[PDB]
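What follows is a short report on a single structure.
Naming: A, B, ... by sequence-line order, numbering from 1 per chain.
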Protein chains: 2
Amino acid sequence: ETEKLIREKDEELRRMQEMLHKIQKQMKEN
Amino acid sequence: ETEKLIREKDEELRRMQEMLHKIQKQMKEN
């Protein structure tokens, strides 16, 4: 259970970085 | 300034992942 919870938190942090990268790409296109 | 701010947030997210990986390693070790 705890191991899965920590993996979920790592996934959340990756998704947050994916969003920031998409903003960076759109700012470069702008 | 905003470009630097977004890079700073990405660095923060990577440091949070580094911390989770250290916890994962220590849990596996016991």
I'd like to know if the side chain of A/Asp10 pairs up with that of B/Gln17 as donor and acceptor (distance under 3.5 Å, no hydrogens or angles considered).
yes

Please check if any side-chain donor atom of A/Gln24 sits under 3.5 Å from a side-chain acceptor atom of B/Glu3, or the reverse.
no

Please lay out, stage by stage, how B/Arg14 and A/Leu13 fare under the test side-chain contact (heavy atoms from CB on, under 4.5 Å).
CA-CA 8 Å; B/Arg14 293 192 297 270; A/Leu13 294 169; over 6 Å; no

Is it true that, when you exclude A/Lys25 itself, more than 12 heavy atoms of the residues, nucleotides or ligands shown sit nearer than 6.0 Å to its NZ?
no

CG (A/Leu20) and CD (B/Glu11) are apart, to the nearest 0.5 Å, by 12.5 Å

